[PDB]
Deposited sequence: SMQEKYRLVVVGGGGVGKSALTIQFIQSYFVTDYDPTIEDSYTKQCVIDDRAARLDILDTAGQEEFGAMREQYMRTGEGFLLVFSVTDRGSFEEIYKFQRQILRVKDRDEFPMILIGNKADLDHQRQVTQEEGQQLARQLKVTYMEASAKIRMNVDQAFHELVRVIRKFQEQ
């Protein structure tokens, strides 16, 4: 104290895996039916590029309320499910809401295509995910909360993005 601390916010539809990713990150356990309504906060002490960081993570479940957690958010995971086209299309809305709240033309965010383990149920291709990330000028990562693919990496990379914005 003063210590490096980051308020990270996980946003997205609609059963995309916001809770599963968060709980995998914090506890290394995969939750299969986590109450979809529950919005809660978690903390993890990490070492990223050899530098200590406390990550405070809001697992979200539009108006003043959401505007406020967007206002204080230092970085955002924009999550969709690769098996849910609707959730993919919703990403546009989230990014626009965040930039409106921030009154900025860019802000630390990463696009996450979750449920990549369900390779024969995909409604969104990896190429389509990469194209969306290009349009939004953000980093894209595919993940799976179920097999714990790119879970730590997604959160670490968001911190890297925040740090690069502060360089």
Query raised in the report: When the deposited sequence is counted from residue 1, which ranges lack any model?
Result: 62-65, 172
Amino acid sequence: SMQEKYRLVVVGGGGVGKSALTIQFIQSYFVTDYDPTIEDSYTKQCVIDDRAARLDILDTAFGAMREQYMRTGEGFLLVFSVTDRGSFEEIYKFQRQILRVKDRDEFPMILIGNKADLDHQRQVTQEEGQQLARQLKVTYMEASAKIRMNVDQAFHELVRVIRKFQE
From here on, numbers count along this sequence of modelled residues.
Query raised in the report: Comparing 124-132 with 32-40, where is the mean C-alpha B-factor higher?
Result: 32-40
Query raised in the report: Mean CA B-factor: is it higher for 152-160 or for 5-13?
Result: 5-13
Report summary line: Among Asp49, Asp105, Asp119, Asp59, the highest C-alpha B-factor in the PDB entry belongs to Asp119
Requested in this report: Determine, from the deposited record, the chain-internal third of the Cα B-factor for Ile98: lowest, middle or highest.
Outcome: middle
Query raised in the report: Where does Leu111 sit by CA temperature factor within its chain: lowest, middle or highest third?
Result: lowest
